[PDB]
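Here's the structure we're looking at; comments come further down.
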Amino acid sequence: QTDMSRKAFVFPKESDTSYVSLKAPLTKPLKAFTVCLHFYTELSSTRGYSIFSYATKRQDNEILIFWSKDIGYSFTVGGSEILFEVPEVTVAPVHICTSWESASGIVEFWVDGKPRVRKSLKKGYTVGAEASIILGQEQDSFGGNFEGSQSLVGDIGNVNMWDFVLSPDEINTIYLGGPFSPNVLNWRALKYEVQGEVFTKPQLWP
Amino acid sequence: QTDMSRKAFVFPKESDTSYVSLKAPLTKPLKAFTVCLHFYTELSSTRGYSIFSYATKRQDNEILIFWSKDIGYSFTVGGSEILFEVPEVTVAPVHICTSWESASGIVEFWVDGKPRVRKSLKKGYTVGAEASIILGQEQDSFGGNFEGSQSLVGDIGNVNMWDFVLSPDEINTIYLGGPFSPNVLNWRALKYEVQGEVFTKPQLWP
Amino acid sequence: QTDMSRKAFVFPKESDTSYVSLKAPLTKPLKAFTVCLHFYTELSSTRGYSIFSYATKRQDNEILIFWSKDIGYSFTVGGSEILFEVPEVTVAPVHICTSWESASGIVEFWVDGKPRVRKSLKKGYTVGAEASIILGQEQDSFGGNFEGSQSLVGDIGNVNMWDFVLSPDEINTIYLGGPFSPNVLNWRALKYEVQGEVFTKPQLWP
Amino acid sequence: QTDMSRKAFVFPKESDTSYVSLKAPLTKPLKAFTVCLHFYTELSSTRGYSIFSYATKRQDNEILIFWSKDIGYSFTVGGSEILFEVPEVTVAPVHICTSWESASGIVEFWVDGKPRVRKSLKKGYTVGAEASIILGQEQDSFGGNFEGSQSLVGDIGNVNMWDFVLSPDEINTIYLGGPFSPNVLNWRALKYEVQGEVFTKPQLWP
Amino acid sequence: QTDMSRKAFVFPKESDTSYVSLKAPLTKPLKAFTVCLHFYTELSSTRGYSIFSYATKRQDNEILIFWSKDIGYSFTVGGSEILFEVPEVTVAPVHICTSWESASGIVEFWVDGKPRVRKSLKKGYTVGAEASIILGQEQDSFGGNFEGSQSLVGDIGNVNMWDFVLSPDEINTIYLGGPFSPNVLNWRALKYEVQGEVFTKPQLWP
Amino acid sequence: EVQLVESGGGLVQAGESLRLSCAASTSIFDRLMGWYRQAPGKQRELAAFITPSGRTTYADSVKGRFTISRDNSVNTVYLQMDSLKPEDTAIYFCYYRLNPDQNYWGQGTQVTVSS
Amino acid sequence: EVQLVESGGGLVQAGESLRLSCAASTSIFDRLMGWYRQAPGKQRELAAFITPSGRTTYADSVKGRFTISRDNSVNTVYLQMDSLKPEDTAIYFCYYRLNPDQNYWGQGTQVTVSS
Amino acid sequence: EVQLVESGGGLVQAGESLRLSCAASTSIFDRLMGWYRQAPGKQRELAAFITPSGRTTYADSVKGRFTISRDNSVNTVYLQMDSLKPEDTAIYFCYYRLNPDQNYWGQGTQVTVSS
Amino acid sequence: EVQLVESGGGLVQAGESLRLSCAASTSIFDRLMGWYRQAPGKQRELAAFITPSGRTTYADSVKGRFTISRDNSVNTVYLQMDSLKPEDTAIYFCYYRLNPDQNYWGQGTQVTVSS
Amino acid sequence: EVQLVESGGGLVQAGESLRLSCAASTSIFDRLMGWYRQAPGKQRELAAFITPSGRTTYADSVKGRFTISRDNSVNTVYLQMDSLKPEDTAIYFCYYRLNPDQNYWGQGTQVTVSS
């Protein structure tokens with residue numbers, strides 16, 4: 001293992017070959033999950049891009065966080081998307097937290113602590129256990145077929161995800177930076193492979 | 001009974017079948033009342049919707065809180081409405097408190113603690129005792145005949161109503177979240193039935 | 001006498017019959033005076049209206065505070081007016097304080113503590129002692145001939161007036177709500193008659 | 001002598017006869033100086049006006065502070081001007097401090113503590129010792145030939161000027177209102193003559 | 001040596017002859033460096049200008065910080081530039097810090113403490129050791145061939161540069177004004193020559 | 001009951017303007033007014049309305065063409081349509097706001113804009 | 001008393017412009033000026049006025065067409081109407097603000113805009 | 001599957017306007033709609049789309065000319081093009097948003113704008 | 001002394017545009033420039049000027065018609081008038097700012113715009 | 001070296017529009033592009049350019065007439081000039097930004113706009 005505390009991944013150039021692949025000890029299919037992270041880039045105002053690609057052999061888009069220019073954040077699961085609009089975008093590092101549950105189909109999204117209205121999406125579904133998780137490039141196949149126009153340029157870090165919805169109390173604690181015990185992906189005990197031009201550097205954001 | 005403290009009702013999908021029905025031990029016709037609540041949705045900028053439907057057999061709109069796009073808040077009693085404008089609408093949870101009195105006909109409305117100018121409406125009237133109270137769907141009949149275009153999507157909670165006007169002191173205390181003793185509807189000792197897809201979840205707002 | 005502390009007059013409906021008449025023990029003609037008050041209404045953006053009508057048999061407009069749409073505040077004395085512009089108007093209760101002196105002809109106006117530039121108006125004049133003071137309706141005759149289009153709808157209170165200019169120190173104290181000793185009109189020891197639909201209710205503003 | 005502490009001069013009406021003349025014990029020609037003052041008026045948005053006219057027999061504009069509508073502040077020395085722009089003007093009392101030095105030709109201007117970029121102006125010049133200093137009217141001759149369109153309406157005070165450049169430390173202290181020892185013109189030990197309608201009243205600004 | 005603490009260089013007039021030349025004891029070619037400074041001018045909105053010209057016999061633009069009107073900051077190395085946009089520019093003193101590394105090619109820029117997204121530029125390059133450093137005039141030859149349209153008018157100071165990238169912690173400390181130990185150029189132990197009309201004066205900024 | 005009475009309609013060609021009006025037998029100091037038009041075959045569609053405060057709302061199609069006005073003094077509202085075109089021809093109905101479910105309607109007046 | 005004296009009116013066709021004016025025998029540094037027109041059969045209606053500060057207000061109908069101006073130096077105000085049209089033809093009155101109840105009026109000048 | 005069905009196309013000259021439309025067999029309360037045109041020889045290019053919230057986006061070329069609209073009540077979207085010109089003539093395709101990689105397409109309708 | 005030298009004037013009809021110019025024998029990096037016109041019988045009236053920073057001011061009458069420009073590099077200023085009309089015909093004077101009381105003037109050039 | 005290659009020029013009359021273009025043999029994801037025109041007798045003057053972020057700058061004369069566009073995908077930039085007029089006729093040069101002192105230039109293409 002490794003500890004990335006106060007460190008982050010940097011993609012400085014637009015390309016279709018640089019990417020970071022993560023590994024998880026997950027064995028059981030998921031019925032509900034949450035994922036939090038922090039990222040910083042300026043392509044927001046030029047073109048869309050992916051943020052966190054969780055793909056399975058049966059689905060290139062099992063879970064996907066995307067940014068669409070003039071649209072906002074697109075949270076997709078099981079090949080279906082939900083949109084959260086953003087009339088205008090600021091230029092600064094942003095921390096987000098998204099959660100989904102199969103039992104009811106409720107979706108929660110949080111940006112900078114402020115929650116967004118809940119929504120319903122793909123009730124009763126299940127998520128495959130074995131999967132490939134990638135940062136930097138969108139997936140249209142099982143770990144391949146990347147698109148340059150869907151790549152990400154900038155910094156990313158503080159990648160974590162549990163396998164059960166968190167109460168608002170807990171989300172606020174995560175933003176404040178208190179202690180926590182991630183279950184599926186631990187930024188403090190993480191495993192990763194890298195390809196192409198990707199660097200590890202001290203984080204910009206506090 | 002039940003205690004909903006730190007919990008709220010969620011309607012995730014637009015429909016004409018989901019709704020929550022409340023019950024009150026009220027026996028005497030009302031000569032003055034107040035009602036406070038907290039709600040969160042984003043349909044504000046798309047179409048109007050109801051918030052709290054209190055209907056009687058003789059009147060589908062005995063008491064009604066409505067939002068009209070580009071107009072604002074519409075407080076209706078005895079089938080007649082009064083308007084409070086809002087040039088622009090923010091996107092965040094909102095807490096409101098409205099009061100009416102039959103003796104004089106004065107109306108008070110409070111949003112986020114800031115009071116609005118008083119107005120006169122239906123002086124000398126009385127309100128029927130037996131009634132049906134609904135959250136989620138507007139009423140055009142005694143507990144039926146809902147309209148999809150008048151439904152509500154989002155979260156609602158902290159539903160309470162006395163049967164006498166409250167002094168500004170008291171309204172400020174209610175917003176600060178201090179202790180209080182509701183008379184007609186107690187969020188802490190509430191009774192409710194549910195229909196359709198409605199969920200109970202921890203509240204978003206502080 | 002009576003004490004109006006934490007209480008205010010309310011005119012809920014536009015009419016030409018509701019009004020409050022005040023009485024003062026004044027016996028000597030005035031050579032200088034000041035008047036402060038607090039009021040709340042939303043007609044600002046629709047049509048002009050009077051605020052405080054002090055009329056004498058020889059002059060329907062001995063002293064007059066008026067609001068003219070798209071113009072601002074109009075302070076009139078002896079039938080002549082002075083203007084204070086306001087490019088845009090906020091919607092909230094406002095407290096004001098105006099002072100005039102005959103010896104020099106200087107005029108001071110204060111809104112929410114912030115002073116406005118001084119001006120000259122009707123130097124060497126004197127003000128009649130016996131007079132009628134009215135809130136709610138403008139005067140075009142000695143206590144009669146009201147105009148519906150010049151009426152006021154909203155709340156008013158904290159009506160006070162001395163008979164000598166106050167130093168800025170003193171005006172600031174009045175706004176902070178400290179103790180004071182009004183001379184001509186005391187909100188704490190006031191006399192009043194009412195006509196039409198006018199109500200007494202707890203004040204909205206702090 | 002006299003002490004003007006917490007007092008200021010007021011010109012209420014536009015005229016070409018009201019003005020205040022100051023006297024200084026200056027005997028030696030100046031090689032560098034600074035002047036600070038505080039003033040309040042609203043003509044900013046209508047027409048230009050002078051602020052402080054220091055004229056000598058050989059020069060009606062030995063030193064001159066002017067406001068030009070849509071242009072800003074004009075600091076003139078020896079008949080030549082330098083401009084400091086202001087895209088938009090606020091409505092409130094303003095305190096300023098300007099300094100000049102002959103040895104190098106550097107100019108410093110400060111408004112409300114915030115300094116402006118330095119500039120060069122009339123290097124190597126000297127300023128006549130005997131002179132006439134006037135507030136209210138611009139000078140086109142040695143104490144005469146005033147122009148109504150160049151007059152000032154409003155309040156002025158806290159007039160002071162040394163005969164050597166002050167360090168930024170010192171300027172900040174002056175704005176904070178601490179103690180100081182003016183050399184050429186002392187607001188606390190000042191001499192003045194008045195003409196026309198000019199009044200002395202307590203200052204508006206803190 | 002000399003200590004410039006609380007002092008800064010001033011160029012008051014636009015010219016093609018005034019400039020300050022710095023000297024460094026550098027002997028080894030650089031593989032990575034950072035430079036911080038503070039400057040104040042208003043030409044931002046009129047025309048572009050250079051800030052800090054580090055030229056070598058083989059390259060007039062070995063390192064160059066430039067401002068391009070309507071474009072922003074241009075950081076150039078080895079004759080190639082990178083751009084940081086600025087939709088609008090404020091008028092006040094600004095402190096900046098830029099760092100570059102040859103091993104990876106990463107670029108960091110900081111204005112007023114807020115960092116900007118990283119970028120890649122001229123990977124694998126090296127910087128000549130012997131060089132000429134100039135403030136005031138851009139270099140198109142080894143210490144000559146200046147352009148009036150590329151000159152700088154205003155104040156500059158707190159010039160420092162290490163020869164290794166600094167961690168964000170350290171950059172924040174530098175902005176707060178704590179202690180530091182510059183390696184290549186020490187504002188506290190600096191050597192300089194001057195030409196033309198350039199002055200030394202107390203700094204404006206805190 | 002509100003005795004609404006409208007007026008100001010008839011026959012006009014394309015490229016003209018008309019200022020119709022309506023009046024009520026009660027104070028309009030609080031209620032808002034609007035207009036509905038109904039083309040042959042379709043339903044009643046909103047055209048424009050004005051709030052008691054003064055805020056105005058206009059239908060997208062007639063955007064930048066029509067204009068509404070109100071007068072408390074006589075309790076009357078007005079609607080001026082400019083650059084009339086044949087497709088806009090339709091039956092125009094008056095509007096008196098009430099509870100959100102309900103609303104008063106006028107008799108309506110036909111306005112046929114030919115070529 | 002204020003000796004108001006206006007001028008700049010007569011006969012004009014449709015599609016022209018006229019710059020009328022008025023002057024007063026006293027300083028106008030504080031009072032505001034305006035214009036009233038009266039069509040045959042109706043009352044005096046406001047057209048436009050300008051405050052002492054400089055803020056301007058215009059009648060809705062003539063919006064974007066007329067324009068008022070003031071000059072303290074000579075104590076005179078001006079009103080320029082462009083793209084005159086026959087319906088705007090009416091008797092135009094001068095205005096001198098006073099207490100809100102009262103206001104000075106001029107003699108008025110007829111301006112008949114034919115085809 | 002979404003049964004998209006569009007309509008409102010044919011032959012028109014330059015200087016006209018057309019209001020085409022499309023409908024779907026499912027609620028469009030959340031998905032966004034757009035339009036793609038394909039000129040002879042080139043690919044499918046975006047023209048305009050509207051989000052579920054109401055925000056609209058338009059292609060640069062047709063900026064200020066076209067206009068899109070949506071109606072949840074009938075589950076139908078509309079596109080009105082004004083001042084049609086011959087170069088805009090092309091095959092127009094319907095759009096149904098889905099995962100960012102994928103998107104539903106309609107049969108498309110030819111709109112030939114001659115002189 | 002500043003040797004002002006202007007140019008770019010003559011005879012033109014109504015509906016044209018002219019780009020006159022002036023130059024000075026000294027750096028204009030700080031002083032602002034403007035233009036004055038004088039109609040037959042009246043005085044010198046301001047037309048437009050531009051500050052050293054770049055801010056521009058225009059006379060109300062020529063608002064939206066004229067346009068001024070400056071160039072430090074050659075120490076020259078330019079004024080372009082479009083849609084010239086006969087009434088604008090007048091003698092145009094150059095301007096060099098100085099102390100507020102004083103200001104440099106050029107020789108002026110006649111520009112007669114006929115029908 | 002950047003192999004710039006432009007195209008889209010020739011003979012046109014007044015009142016037309018042309019969409020010229022240029023392409024480069026390297027990624028333009030960071031460098032900005034612009035255009036220079038040179039009239040007979042004068043130097044190379046800036047016309048318009050667009051930054052990598054997307055911000056655009058236009059020459060004052062052609063303000064509101066021209067329009068630039070960029071495409072990373074093919075590494076090509078475009079410039080569309082509308083309402084061409086004879087005076088705009090000149091030799092147009094391509095632009096590739098570099099260090100502030102230096103900049104790449106294209107071969108340029110003549111565009112002669114006659115009456």
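Letters A, B, ... mark the chains of the structure tokens in the order given; residue numbers begin at 1 per chain; ligand numbers begin at 1, in order shown.
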Write down, as a compact mmCIF listing (two decimals) with N, CA, C and O atoms, in the first residue's frame, each residue of chain H that has any atom within 12 Å of an atom of chain F, counting only C-alpha atoms.
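Written file, selection.txt:
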# COMPACT_ATOMS: atom_id res chain seq x y z
N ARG H 19 -41.92 25.80 -38.54
CA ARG H 19 -41.92 25.30 -37.16
C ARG H 19 -42.11 23.80 -37.15
O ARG H 19 -43.24 23.32 -37.08
N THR H 67 -35.11 28.75 -32.87
CA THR H 67 -35.62 28.79 -31.51
C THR H 67 -36.28 27.46 -31.15
O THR H 67 -37.13 26.96 -31.89
N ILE H 68 -35.89 26.91 -30.01
CA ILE H 68 -36.43 25.63 -29.58
C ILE H 68 -37.39 25.79 -28.41
O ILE H 68 -37.32 26.76 -27.66
N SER H 69 -38.31 24.84 -28.26
CA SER H 69 -39.29 24.88 -27.19
C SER H 69 -39.66 23.45 -26.83
O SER H 69 -39.53 22.53 -27.63
N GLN H 80 -38.39 26.19 -34.36
CA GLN H 80 -38.83 27.16 -35.35
C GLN H 80 -37.61 27.85 -35.94
O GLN H 80 -36.83 28.48 -35.20
Exercise answer, chain F residues close to chain B, 8 Å and only C-alpha atoms, as number ranges by chain: F: 30, 51, 53, 57, 98-99, 101
Near chain E, which residues of chain D fall within 7 Å when you count only C-alpha atoms, and what do they look like as a ChimeraX atom specification? /D:115,117-120,168
Using C-alpha atoms, can you write the selected residues to a file as a PDB file, in the first residue's frame?
ATOM      1  CA  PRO D 115      -2.763  54.862  -2.589  1.00  0.00           C
ATOM      2  CA  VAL D 117       0.265  54.912  -8.654  1.00  0.00           C
ATOM      3  CA  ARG D 118       2.952  57.590  -8.563  1.00  0.00           C
ATOM      4  CA  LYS D 119       3.568  60.022 -11.414  1.00  0.00           C
ATOM      5  CA  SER D 120       6.003  62.726 -12.508  1.00  0.00           C
ATOM      6  CA  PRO D 168       2.979  56.028   3.986  1.00  0.00           C
TER       7      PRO D 168
END
Do a neighbour search on residue 34 of chain A at 6 Å with only C-alpha atoms, toss out local chain neighbours closer than 6 positions, and write the hits as a PDB file with N, CA, C and O atoms, in the first residue's frame.
ATOM      1  N   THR A  98     -20.923  12.154  -4.087  1.00  0.00           N
ATOM      2  CA  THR A  98     -22.163  11.644  -4.664  1.00  0.00           C
ATOM      3  C   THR A  98     -22.501  10.278  -4.091  1.00  0.00           C
ATOM      4  O   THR A  98     -21.608   9.473  -3.857  1.00  0.00           O
ATOM      5  N   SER A  99     -23.779  10.018  -3.857  1.00  0.00           N
ATOM      6  CA  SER A  99     -24.231   8.762  -3.278  1.00  0.00           C
ATOM      7  C   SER A  99     -25.463   8.250  -4.011  1.00  0.00           C
ATOM      8  O   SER A  99     -26.301   9.031  -4.470  1.00  0.00           O
ATOM      9  N   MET A 161     -14.326   6.025  -1.650  1.00  0.00           N
ATOM     10  CA  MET A 161     -15.686   5.562  -1.831  1.00  0.00           C
ATOM     11  C   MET A 161     -16.064   4.435  -0.884  1.00  0.00           C
ATOM     12  O   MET A 161     -15.335   3.454  -0.758  1.00  0.00           O
ATOM     13  N   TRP A 162     -17.187   4.592  -0.204  1.00  0.00           N
ATOM     14  CA  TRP A 162     -17.722   3.581   0.690  1.00  0.00           C
ATOM     15  C   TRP A 162     -18.660   2.670  -0.101  1.00  0.00           C
ATOM     16  O   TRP A 162     -18.708   2.715  -1.331  1.00  0.00           O
ATOM     17  N   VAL A 165     -24.754   4.517   1.843  1.00  0.00           N
ATOM     18  CA  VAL A 165     -25.037   5.944   1.873  1.00  0.00           C
ATOM     19  C   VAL A 165     -24.597   6.534   3.204  1.00  0.00           C
ATOM     20  O   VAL A 165     -24.766   5.923   4.268  1.00  0.00           O
TER      21      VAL A 165
END
Once chain G has been least-squares superposed onto chain J, matching all their Cα atoms in order, can you return it as a CSV table (one decimal) with C-alpha atoms, in the first residue's frame?
chain,number,residue,atom,x,y,z
G,1,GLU,CA,8.4,24.6,-37.5
G,2,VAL,CA,4.7,25.1,-38.0
G,3,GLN,CA,3.5,24.4,-41.6
G,4,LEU,CA,0.7,26.9,-41.8
G,5,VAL,CA,-1.5,26.6,-44.8
G,6,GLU,CA,-4.4,29.0,-45.4
G,7,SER,CA,-7.1,29.1,-48.1
G,8,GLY,CA,-10.4,30.7,-48.9
G,9,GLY,CA,-9.7,33.9,-50.9
G,10,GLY,CA,-10.3,35.4,-54.3
G,11,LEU,CA,-12.6,37.9,-56.0
G,12,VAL,CA,-15.8,39.1,-54.5
G,13,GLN,CA,-18.0,42.2,-54.8
G,14,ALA,CA,-19.2,44.6,-52.1
G,15,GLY,CA,-21.9,43.3,-49.9
G,16,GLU,CA,-20.9,39.6,-49.8
G,17,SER,CA,-19.2,37.4,-47.1
G,18,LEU,CA,-16.3,35.0,-47.2
G,19,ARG,CA,-15.3,32.3,-44.8
G,20,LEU,CA,-11.5,31.8,-45.2
G,21,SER,CA,-9.5,29.3,-43.2
G,22,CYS,CA,-6.1,28.1,-42.2
G,23,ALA,CA,-4.6,24.9,-40.8
G,24,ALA,CA,-1.4,23.9,-39.1
G,25,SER,CA,0.8,20.8,-39.0
G,26,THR,CA,0.8,20.8,-35.1
G,27,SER,CA,-1.6,20.9,-32.2
G,28,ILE,CA,-3.1,24.3,-31.6
G,29,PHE,CA,-4.4,23.5,-28.2
G,30,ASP,CA,-2.4,26.2,-26.5
G,31,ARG,CA,-1.2,28.8,-29.1
G,32,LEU,CA,-3.6,31.5,-30.2
G,33,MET,CA,-4.4,32.5,-33.8
G,34,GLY,CA,-5.0,35.9,-35.4
G,35,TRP,CA,-5.1,37.7,-38.8
G,36,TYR,CA,-3.2,40.6,-40.3
G,37,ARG,CA,-4.2,42.6,-43.3
G,38,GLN,CA,-2.0,45.0,-45.2
G,39,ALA,CA,-3.5,47.6,-47.5
G,40,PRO,CA,-1.5,48.9,-50.5
G,41,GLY,CA,1.0,51.3,-49.1
G,42,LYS,CA,0.6,50.7,-45.3
G,43,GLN,CA,1.9,48.1,-43.0
G,44,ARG,CA,0.5,44.9,-41.5
G,45,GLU,CA,-2.5,45.7,-39.2
G,46,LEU,CA,-4.2,43.5,-36.8
G,47,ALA,CA,-7.7,42.3,-37.6
G,48,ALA,CA,-8.8,39.7,-35.0
G,49,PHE,CA,-7.4,36.8,-33.0
G,50,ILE,CA,-8.8,34.2,-30.6
G,51,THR,CA,-7.1,32.9,-27.4
G,52,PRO,CA,-6.7,29.3,-26.5
G,53,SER,CA,-9.3,29.7,-23.8
G,54,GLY,CA,-11.8,31.0,-26.3
G,55,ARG,CA,-11.7,34.8,-25.7
G,56,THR,CA,-11.8,36.8,-28.9
G,57,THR,CA,-10.5,40.1,-29.9
G,58,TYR,CA,-11.4,42.1,-33.0
G,59,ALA,CA,-10.1,45.2,-34.7
G,60,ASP,CA,-12.1,48.3,-34.2
G,61,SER,CA,-12.8,49.0,-37.8
G,62,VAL,CA,-14.2,45.5,-38.5
G,63,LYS,CA,-16.0,45.4,-35.2
G,64,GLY,CA,-19.3,43.6,-35.4
G,65,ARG,CA,-18.6,42.4,-38.9
G,66,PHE,CA,-15.9,39.6,-38.9
G,67,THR,CA,-15.9,36.5,-36.7
G,68,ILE,CA,-13.2,34.0,-35.8
G,69,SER,CA,-13.5,30.3,-34.8
G,70,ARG,CA,-11.1,27.5,-33.8
G,71,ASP,CA,-11.1,23.7,-33.8
G,72,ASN,CA,-8.6,21.7,-31.9
G,73,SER,CA,-9.8,18.5,-33.4
G,74,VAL,CA,-8.4,19.3,-36.9
G,75,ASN,CA,-6.0,22.0,-35.7
G,76,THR,CA,-7.6,24.6,-37.9
G,77,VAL,CA,-8.9,28.2,-37.5
G,78,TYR,CA,-11.5,30.1,-39.4
G,79,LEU,CA,-12.4,33.7,-40.2
G,80,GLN,CA,-15.7,34.8,-41.7
G,81,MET,CA,-16.1,38.3,-42.9
G,82,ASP,CA,-19.6,39.7,-43.7
G,83,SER,CA,-20.8,42.7,-45.6
G,84,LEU,CA,-17.5,43.0,-47.4
G,85,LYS,CA,-16.7,46.5,-48.6
G,86,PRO,CA,-14.1,47.7,-51.2
G,87,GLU,CA,-11.9,49.5,-48.6
G,88,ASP,CA,-11.4,46.3,-46.6
G,89,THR,CA,-9.8,44.9,-49.7
G,90,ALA,CA,-6.1,44.1,-48.9
G,91,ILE,CA,-3.6,41.3,-48.5
G,92,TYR,CA,-4.5,39.1,-45.6
G,93,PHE,CA,-1.8,37.3,-43.6
G,94,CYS,CA,-2.1,34.4,-41.2
G,95,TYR,CA,-0.8,34.4,-37.6
G,96,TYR,CA,0.8,32.0,-35.2
G,97,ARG,CA,1.6,33.3,-31.8
G,98,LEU,CA,5.0,32.8,-30.3
G,99,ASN,CA,7.3,34.7,-27.9
G,100,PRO,CA,6.1,38.2,-27.7
G,101,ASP,CA,8.9,39.5,-29.8
G,102,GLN,CA,8.4,36.8,-32.5
G,103,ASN,CA,5.4,35.3,-34.3
G,104,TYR,CA,4.9,33.0,-37.3
G,105,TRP,CA,3.5,34.3,-40.5
G,106,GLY,CA,1.7,32.7,-43.5
G,107,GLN,CA,2.1,33.4,-47.2
G,108,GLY,CA,-1.0,35.6,-47.1
G,109,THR,CA,-3.8,35.6,-49.6
G,110,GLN,CA,-5.1,38.5,-51.7
G,111,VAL,CA,-8.8,39.3,-51.3
G,112,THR,CA,-10.0,42.1,-53.6
G,113,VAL,CA,-13.5,43.3,-52.9
G,114,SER,CA,-14.8,45.4,-55.8
G,115,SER,CA,-18.0,47.4,-56.0
Residues near segment 173-188 of chain C, anyone? I mean within 7 Å using only C-alpha atoms, not counting same-chain ones fewer than 2 positions away, as a PyMOL selection string. chain C and resi 2-5+24-26+113+158-163+169-171+190
Could those residues be written to a file, using N, CA, C and O atoms, as a short mmCIF file (atom, residue, chain, number, x, y, z; two decimals), in the first residue's frame?
data_model
loop_
_atom_site.label_atom_id
_atom_site.label_comp_id
_atom_site.auth_asym_id
_atom_site.auth_seq_id
_atom_site.Cartn_x
_atom_site.Cartn_y
_atom_site.Cartn_z
N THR C 2 -50.49 57.38 26.65
CA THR C 2 -50.30 55.99 26.30
C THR C 2 -48.86 55.72 25.88
O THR C 2 -48.19 56.63 25.39
N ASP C 3 -48.42 54.48 26.04
CA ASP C 3 -47.09 54.10 25.60
C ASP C 3 -47.20 53.12 24.46
O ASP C 3 -47.80 52.05 24.61
N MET C 4 -46.63 53.46 23.32
CA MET C 4 -46.68 52.63 22.13
C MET C 4 -45.44 51.76 21.96
O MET C 4 -45.27 51.15 20.90
N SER C 5 -44.58 51.67 22.97
CA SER C 5 -43.33 50.95 22.83
C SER C 5 -43.58 49.57 22.24
O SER C 5 -44.47 48.84 22.69
N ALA C 24 -50.56 67.80 19.84
CA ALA C 24 -49.36 68.26 20.52
C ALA C 24 -49.70 69.42 21.45
O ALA C 24 -50.63 70.18 21.19
N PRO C 25 -48.94 69.58 22.54
CA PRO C 25 -49.19 70.70 23.45
C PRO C 25 -48.48 71.97 23.01
O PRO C 25 -48.35 72.92 23.80
N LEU C 26 -48.02 72.00 21.77
CA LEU C 26 -47.24 73.13 21.28
C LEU C 26 -48.05 74.42 21.41
O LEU C 26 -49.24 74.46 21.10
N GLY C 113 -29.13 56.09 9.44
CA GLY C 113 -27.91 56.57 10.04
C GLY C 113 -27.00 57.33 9.09
O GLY C 113 -26.28 58.23 9.52
N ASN C 158 -42.91 54.84 15.87
CA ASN C 158 -41.75 55.51 16.44
C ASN C 158 -41.66 56.96 15.97
O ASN C 158 -40.57 57.49 15.74
N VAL C 159 -42.95 57.58 16.02
CA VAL C 159 -43.10 58.98 15.63
C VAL C 159 -42.67 59.94 16.73
O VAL C 159 -43.28 59.94 17.79
N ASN C 160 -41.56 60.80 16.40
CA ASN C 160 -41.14 61.72 17.45
C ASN C 160 -40.60 62.98 16.80
O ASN C 160 -40.08 62.94 15.69
N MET C 161 -40.74 64.09 17.52
CA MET C 161 -40.20 65.34 17.01
C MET C 161 -39.88 66.34 18.11
O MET C 161 -40.71 66.60 18.98
N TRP C 162 -38.67 66.87 18.08
CA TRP C 162 -38.23 67.90 19.02
C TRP C 162 -38.55 69.27 18.43
O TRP C 162 -39.27 69.39 17.44
N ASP C 163 -37.99 70.33 19.01
CA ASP C 163 -38.16 71.67 18.42
C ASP C 163 -36.81 72.36 18.38
O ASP C 163 -36.72 73.58 18.54
N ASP C 169 -24.26 63.33 16.92
CA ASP C 169 -24.14 62.40 18.03
C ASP C 169 -25.51 61.91 18.42
O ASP C 169 -25.78 60.71 18.40
N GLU C 170 -26.40 62.73 18.64
CA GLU C 170 -27.75 62.48 19.14
C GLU C 170 -28.56 61.68 18.13
O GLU C 170 -29.32 60.77 18.51
N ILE C 171 -28.42 61.99 16.84
CA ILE C 171 -29.13 61.22 15.82
C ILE C 171 -28.66 59.77 15.83
O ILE C 171 -29.47 58.84 15.71
N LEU C 190 -47.88 59.55 24.04
CA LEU C 190 -48.55 60.12 22.88
C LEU C 190 -50.06 60.15 23.06
O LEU C 190 -50.64 59.37 23.82
#
